[PDB]
Amino acid sequence: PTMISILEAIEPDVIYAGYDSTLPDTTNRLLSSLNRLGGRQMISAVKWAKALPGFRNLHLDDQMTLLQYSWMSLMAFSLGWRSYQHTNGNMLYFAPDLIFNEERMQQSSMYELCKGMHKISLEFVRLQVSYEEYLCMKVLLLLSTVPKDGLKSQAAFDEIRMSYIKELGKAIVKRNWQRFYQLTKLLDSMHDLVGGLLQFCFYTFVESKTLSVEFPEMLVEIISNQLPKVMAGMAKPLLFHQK
Ligand SMILES: C[C@]12CC[C@H]3[C@@H](CCC4=CC(=O)CC[C@@]43C)[C@@H]1CC[C@@H]2C(=O)CO
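FYI, the numbering for the sequence shown is -1 to 173, 180 to 247, going by the deposited numbering.
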């Protein structure tokens, strides 16, 4: 089987938030639901990541570190893709039972960040990103935020990352350098957006009582590790372009 076949085969099914739409929206309900969904998606992401060629050969500590650093990037990018594929206009397709319009983006109290995530879908539109390109790009996001002090299997990581860069190149050819330049530019743009998402995430995590935002155990585990590392500057982006 081809590398791209495996990527297609291991791509998770769509996840539901478990939202009751008969009950009115509130800020707390929306954010807590977003978090419950985030937690479910991350359980699936762990499963997905563990099945990735090459990546599955890294020491397990490296596997969980990369997933932990890249969590927000992966989910924002997948959101962008879902919103492109299943929706049109200013709408975010978080889940089949949790779709945001202008109202819901406003009431979430993270309106500007919703618009930032929406920009990803607009870029998928403009560039006409193929499914195969998207699958390759998503893996690159898993491999694009690393601890500043390095990984256990650094040389192996570099090799794995290069192979998926080559995979992206194959996805491009199927259908050149200009497209590579453009798609890697889109990857780089995730870092600034994710910075904004993380600022708000940490705020809601800390202010959760006074606000009243619920987080699942899955996200509590991630955030309690990521809050200190990100705030302490331990995460380094691996950029394709000059900053
Ligand atoms: C973490 C977060 C709720 C969960 C989402 C995240 C943005 C990206 C994202 C995409 C999804 O498809 C599932 C939810 C999620 C992971 C939001 C950024 C701010 C927001 C909060 O801080 C709510 O407390």
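Built from N, CA and C at the ideal position, the CB exists for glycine as well.
Handout entry: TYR67 vs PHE122 beta-carbon contact at 8 Å
Key = One-based indexing of the sequence shown puts residue 67 at position 69. One-based indexing of the sequence shown puts residue 122 at position 124. Not closer than 8 Å, so no.
Problem - Own chain residues within Cβ distance below 8 Å of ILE2, not counting five before or after - result: Taking the first residue of the sequence shown as position 1, residue 2 is located at position 4. Cβ within range, chain order: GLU130, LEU133, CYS134, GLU165, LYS168 and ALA169.
Practice task
State yes or no: is the C-beta of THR143 nearer than 7 Å to some heavy atom of ligand 1?
Solution key: By one-based count along the sequence shown, residue 143 stands at place 145. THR143: no, Cβ never under 7 Å from ligand 1.
Exercise for the section: Answer yes or no: do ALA93 and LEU35 have a C-beta to C-beta separation smaller than 8 Å? Expected result: One-based indexing of the sequence shown puts residue 93 at position 95. One-based indexing of the sequence shown puts residue 35 at position 37. Yes, these two residues count as a Cβ contact at 8 Å.
Practice task
Leaving out five residues on either side along the sequence, give the residues of the same chain with a beta carbon under 6 Å from the beta carbon of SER71.
Solution key: Here residue 71 refers to the residue found at position 73 when the sequence shown is read from its first residue. Short of 6 Å from the beta carbon of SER71, and not among the five residues preceding or following it, lie these beta carbons of its own chain, in chain order: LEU139, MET194 and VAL198.
Problem - Stretch pair the stretch 204 to 214 + the stretch 223 to 235: three plus CB contacts closer than 8 Å - result: Yes: at least three Cβ pairs fall under 8 Å.
Practice task
May I ask you to check if the CB of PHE184 is nearer than 7 Å to at least one heavy atom of ligand 1?
Solution key: For this step, residue 184 is matched to residue 180 along the sequence shown. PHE184 Cβ: outside cutoff for every heavy atom of ligand 1.
Problem - Residue burial classification, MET235 (beta-carbon count within 10 angstroms, cutoff 16) - result: Residue mapping note: residue 235 aligns to position 231 of the sequence shown, counting from 1. Answer is exposed; the Cβ neighbour count stays below 16.
Handout entry: Rounded separation between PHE184 and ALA43 - CA only
Key = Walking along the sequence shown from the start, residue 184 turns up at place 180. Walking along the sequence shown from the start, residue 43 turns up at place 45. Going by the C-alpha atoms only, they are around 26 Å apart.
Handout entry: Where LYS240 falls: helix, strand or coil (DSSP)
Key = What you label residue 240 is simply residue 236 of the sequence shown in a count that begins at 1. DSSP, reduced to helix, strand and coil, places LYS240 within a strand of the structure shown.
Handout entry: Backbone CA spacing between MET222 and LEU141 [nearest angstrom]
Key = Reading the sequence shown from its first residue, position 218 is the one you call residue 222. Reading the sequence shown from its first residue, position 143 is the one you call residue 141. If I take the Cα positions, the gap works out to 21 Å.
Practice task
Determine the contact status of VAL217 and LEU77, defining contact as a CB-CB distance below 8 Å.
Solution key: The residue given as residue 217 occupies position 213 in the sequence shown. The residue given as residue 77 occupies position 79 in the sequence shown. No, these two residues do not count as a Cβ contact at 8 Å.
Handout entry: Spatial neighbours of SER128 in its chain, beta-carbon cut-off 7 Å, leaving aside the 5 residues before and after
Key = Taking the sequence shown and counting its residues from 1, the one referred to as residue 128 is at position 130. Once the five neighbours on either side are set aside, the close Cβ partners of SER128 are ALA169 and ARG173.
Problem - Cβ pair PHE75, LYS136 closer than 8 Å - result: Position 77 of the sequence shown, counted from the first residue, corresponds to residue 75. Position 138 of the sequence shown, counted from the first residue, corresponds to residue 136. With respect to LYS136, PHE75 sits close: the two C-beta atoms are nearer than 8 Å.
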